[PDB]
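Student: Experimental coordinates for this protein are included below, preceded by the sequence.
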Amino acid sequence: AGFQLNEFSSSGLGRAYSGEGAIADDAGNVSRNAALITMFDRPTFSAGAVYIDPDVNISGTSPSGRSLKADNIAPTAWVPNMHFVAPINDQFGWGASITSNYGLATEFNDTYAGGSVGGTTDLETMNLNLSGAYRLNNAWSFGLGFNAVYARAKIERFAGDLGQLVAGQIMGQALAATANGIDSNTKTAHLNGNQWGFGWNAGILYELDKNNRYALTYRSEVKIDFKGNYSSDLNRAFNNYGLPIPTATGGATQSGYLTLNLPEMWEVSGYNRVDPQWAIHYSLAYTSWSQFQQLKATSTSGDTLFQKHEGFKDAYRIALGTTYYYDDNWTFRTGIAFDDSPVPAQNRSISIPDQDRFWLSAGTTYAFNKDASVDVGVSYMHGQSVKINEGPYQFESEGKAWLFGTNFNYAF
Ligand SMILES: CCCCCCCCCCCC[N+](C)(C)[O-]
Ligand SMILES: CCCCCCCCCCCC[N+](C)(C)[O-]
């Protein structure tokens, strides 16, 4: 999925996030399917983080004749996570979890010649969840949850070398020599803002027996109405001449309004304890990116200041993986998973460098005694190399990523 993230559990990172919401070895999953809450007999707690280490690269040459090579344009990332699960009654349970389901970080140098389309793009998301569940009979459980998302975002763009490109094409003369005076790192657009968003989630859990069980779950859409600073160092004169360029302010910071839709996600999952020391778990996540059509930043007067058309479309994430319950102490796991890109080639962009991803993964849990247990997980996910045609340039891009992750567990 585009700029989506599934690292709520390092326990689950070991399995390619397969069967999640269906598995429940640790408190880690009640945030995935707040139905699992019914699975715990006592207060359980989990905490840790996932180090995401990408390696995305851009390659290509611009008509001006300057490289559009961009080495490692996706910073590392420390995505933490905390969850709590406790029983209220022999029929009700609640829980809370701090996790991040959405984020990005595609950061180009301020002097990249393709600057207009590859500046900086950040998006941090914190999702505080509070949900509860109730068990009808020994077969199914129902759960509803409330999320207060806190998003932090910031978009920047610059005049690539467009200047010299424009100033060339025009070969009203000083009108050229001037746009040749513009430098590579000219704040062509700056946006930023901190805002809260709200959403809900529900999950159903039909469990055939203590060793087999399935689940259907939903995470609502989540809109974020940003009200933040916006500006463009280009001269106001550059305006109203039909250019696709973004509204100029000459340095002036004008209040800006933008809205970010955070795709709903449907997920079906299954978990089986086939053998005393083996269990298999698969899932099929559906993330509706159709909800994320564009990025439009408006003024107080509702007029457009910035607007990039994304046009993503619904996508999915299939996942298969297993766990090897060696013994009271040692536990292992591995999984494969494949998730489809929302971005249709013809919209693909170096900003949201995205292509179909393949998941290979392996993990391990050591439990010192009954209450404690540490989790360690490794995941490597490669993907397809694709051609990107944006604005006046034609880039090429490739992406591979490593993700390591620890997590501690404890139950009273
Ligand atoms: C503050 C968060 C920064 C996020 C860094 C983005 C890394 C994107 C790399 C693809 C990883 C996607 N995955 C694992 C979440 O599914
Ligand atoms: C003013 C804050 C706006 C929030 C920024 C949200 C960015 C989501 C990532 C979409 C990538 C940006 N894009 C379309 C310009 O390439």
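Tutor: Great, that's in hand. Numbering: from 1, shown residues only. Ligands and ions are numbered 1, 2, ... in the order given.
Student: Grab the longest helix from the chain for me.
Tutor: Of all the elements of type helix in the chain, the one with the most residues (DSSP state H) is helix 162-169.
Student: Please compute how far that one lies from its chain's middle.
Tutor: 36 Å (CA atoms, centre = their mean, to the nearest Å).
Student: List the buried residues for it?
Tutor: For helix 162-169, the neighbour count (16 or more other CB atoms under 10 Å) marks 162-167 as buried. All C-beta spots, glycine's among them, are computed from the backbone N, C-alpha and C.
Student: So is stretch 278-296 next to ligand 1?
Tutor: No - using CB under 6 Å from any ligand atom, we find that stretch 278-296 stays clear of ligand 1, coming within 10.5 Å at best.
Student: Straight-line length of that stretch, end to end?
Tutor: When the termini of stretch 278-296 are compared using CA to CA, to the nearest Å, they are 50 Å apart.
Student: Does that stretch reach ligand 2?
Tutor: Yes - counting by CB under 6 Å from any ligand atom, ligand 2 has neighbours in stretch 278-296: residue 295.
Student: Please state the offset of that stretch from the chain centre?
Tutor: With CA atoms, centre = their mean, you get 11 Å for stretch 278-296.
Student: Nearest residue to the residue of the stretch 251-400 of the chain found nearest ligand 2 in space, please, no chain neighbours.
Tutor: Among all residues of the stretch 251-400 of the chain, residue 351 sits closest to ligand 2, at 3.1 Å; criterion: CB to the nearest ligand atom. Setting aside the residues directly before and after it, residue 351 is nearest to residue 121 in space (CB to CB, 6 or more residues apart in numbering), at 5.1 Å.
Student: Is it correct that that neighbour is in contact with residue 103?
Tutor: No - counting by CB atoms under 8 Å, residue 121 sits too far from residue 103 to count as a contact (10.9 Å).
Student: Looking at those two now, which is surrounded by more residues?
Tutor: Taking neighbours as other CB atoms under 10 Å, residue 121 and residue 103 compare with residue 121 leading, 25 against 20.
Student: residues touching the more buried one, list them.
Tutor: 104-107, 154-156, 351-352 (CB atoms under 8 Å, 6 or more residues apart in numbering).
Student: and with 6 Å instead?
Tutor: The contact partners of residue 121, taken as CB atoms under 6 Å, 6 or more residues apart in numbering, are 106, 155, 351.
Student: Distance to ligand 1 added to these, as TSV?
Tutor: Listed next are these as TSV, based on distance: CB to the nearest ligand atom, whole Å:
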residue	distance to ligand 1
106	8
155	14
351	13
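Student: ok, residue 272 - contacts?
Tutor: 212, 279-280.
Student: How many residues are close by residue 224?
Tutor: Neighbour number of residue 224 under other CB under 10 Å is 22.
Student: Give the helix, strand or coil label for it.
Tutor: Assigned with DSSP: H, G, I helix; E, B strand; the rest coil, residue 224 falls in the strand class.
Student: Next one: it from residue 52, what distance?
Tutor: As defined by CB to CB, to the nearest Å, residue 224 lies at a distance of 22 Å from residue 52.
Student: can you check residue 360 too?
Tutor: 15 Å.
Student: which residues of the stretch 251-400 of the chain fall in strands?
Tutor: Along the stretch 251-400 of the chain, counting by DSSP state E, counting those that start in this stretch, strands occupy 254-262, 264-275, 278-288, 294-298, 304-309, 315-324, 330-339, 357-366, 373-383, 386-390, 393-411.
Student: Give the buried residues for the last one.
Tutor: Across strand 393-411, burial judged by 16+ other CB under 10 Å covers 393, 395-399, 401, 403, 405, 407, 409, 411.
Student: Number of residues surrounding residue 336?
Tutor: By the criterion of other CB under 10 Å, residue 336 has 15 neighbours.
Student: meant to ask about residue 46, not that
Tutor: Neighbour tally, residue 46, other CB under 10 Å: 27.
Student: correct me, but it touches residue 27?
Tutor: Yes - counting by CB atoms under 6 Å, residue 46 does reach residue 27; the two are 4.5 Å apart.
Student: tell me, what's touching these two both at once?
Tutor: residue 83.
Student: Residue in the stretch 101-250 of the chain with the shortest distance to ligand 2?
Tutor: For the stretch 101-250 of the chain, CB to the nearest ligand atom, closest residue to ligand 2: residue 153, 3.0 Å.
Student: Doesn't that residue lie inside a strand?
Tutor: Yes - counting by three-state DSSP, residue 153 is found in a strand.
Student: Could you check how far it is from residue 260?
Tutor: 7 Å.
Student: Grab the longest strand from the chain for me.
Tutor: Identified as the longest strand of the chain according to DSSP state E is strand 187-209.
Student: now that strand: how far from the chain's centre is it?
Tutor: 10 Å.
Student: same thing with stretch 89-106?
Tutor: Worked out by CA atoms, centre = their mean, stretch 89-106 lies 15 Å from the chain centre.
Student: If the spatially closest residue to residue 124 that is not a sequence neighbour is in a bridge, with which residues?
Tutor: Distances taken as CB to CB, 6+ apart put residue 152 closest to residue 124, at 4.2 Å, once the chain neighbours are dropped. Using DSSP bridges, the bridge partners assigned to residue 152 are residue 124, residue 194.
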